[PDB]
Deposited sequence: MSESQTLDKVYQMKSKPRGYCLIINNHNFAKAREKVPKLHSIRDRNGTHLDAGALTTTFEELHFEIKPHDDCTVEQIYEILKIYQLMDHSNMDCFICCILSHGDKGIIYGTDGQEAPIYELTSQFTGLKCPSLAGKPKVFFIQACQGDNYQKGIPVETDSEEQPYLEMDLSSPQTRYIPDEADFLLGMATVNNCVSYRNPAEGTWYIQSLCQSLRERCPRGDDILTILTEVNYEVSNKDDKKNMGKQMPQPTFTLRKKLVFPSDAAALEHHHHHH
């Protein structure tokens, strides 16, 4: 069947928004008076770096970004020319709540206001090309419960998107300060294992769903359920 073209070197840019220090949030926003620094997030940034460099992307890391700073960054890559690129990736590592992610200042950036900056109209050099977003953040403060089981041509403006959420809405996602987050670490492991095999991203994200689903938070009897969304029209593979 149809497969997105993926032969350019580099494949495209891989943005990494890596939020660790939330002192501004603790100071300015009363609601987030005790929101914690995201210790161990560099383990995700590093794993993402290693993984997508192996997949021939050019990594563009940005540390400790407020909401306005994130917007500025996205607007820059929105206005850039991706004509010689076959793909675009944006990884966000931060705190969040339902439908949003927090900047280090504790302000809110709705996820749709992030992804929509790279629609075909707003970023024509990425038209027809896969745009992939990975969001590592909570989407609420609820613990996901567990359940027992037995062991020319015109296309839509919002085409070719892939949104990989670390969790379903309303619920938390986990970060091990000594290992990284459940979602990102699992994602990078699956990518590095299955991309050389030629597996597509939906298959890999399915495996990620399976892997994270088997992890437990024994302190609160919590689980985590990642949730991909996509408008992809072709199979997405990352040759190596």
Completion exercise
Gaps relative to the deposited sequence fall at 1-7, 159-174, 264-275
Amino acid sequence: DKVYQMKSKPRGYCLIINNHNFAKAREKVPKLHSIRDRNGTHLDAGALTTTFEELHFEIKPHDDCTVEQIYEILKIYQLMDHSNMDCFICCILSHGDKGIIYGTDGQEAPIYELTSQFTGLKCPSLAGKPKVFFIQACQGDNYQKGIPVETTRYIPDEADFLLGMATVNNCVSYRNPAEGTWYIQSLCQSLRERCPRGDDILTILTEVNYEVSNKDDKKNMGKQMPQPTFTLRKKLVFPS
From here on, numbers count along this sequence of modelled residues.
Exercise for the section: Look at the other compared PDB entries that model both sides of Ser116, then say whether a third or more of them leave it out. Expected result: no
Practice task
Check whether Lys223 goes without coordinates in at least a third of the other compared PDB entries of this protein that model residues on both sides of it.
Solution key: no
Exercise for the section: Averaging the C-alpha B factors as listed in the entry, name the stretch that ends up higher: 56-64 or 194-202. Expected result: 194-202
Exercise for the section: Please work out which of 109-117 and 86-94 has the higher mean CA B-factor as recorded in the PDB entry. Expected result: 109-117
Fill in the blank from the handout: From the entry's CA B-factor values, the highest among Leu232, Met225, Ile17, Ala23 is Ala23
Handout entry: Residue of maximum C-alpha B factor among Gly164, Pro148, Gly103, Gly128, per deposited coordinates
Key = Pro148
Practice task
Grab the CA temperature factor for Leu48 from the record and place it in the lowest, middle or highest third of its chain.
Solution key: lowest
Exercise for the section: Comparing against every modelled residue in the chain, figure out the third that the C-alpha B-factor of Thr152 lands in (lowest, middle or highest). Expected result: highest
Fill in the blank from the handout: Chain thirds by Cα B factor, record data; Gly180 belongs to the middle
Exercise for the section: Place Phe133 in the lowest, middle or highest third of its chain's C-alpha B-factors, as listed in the PDB entry. Expected result: lowest
Completion exercise
Among the modelled residues of its chain, the C-alpha B-factor of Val29 falls in the third labelled highest
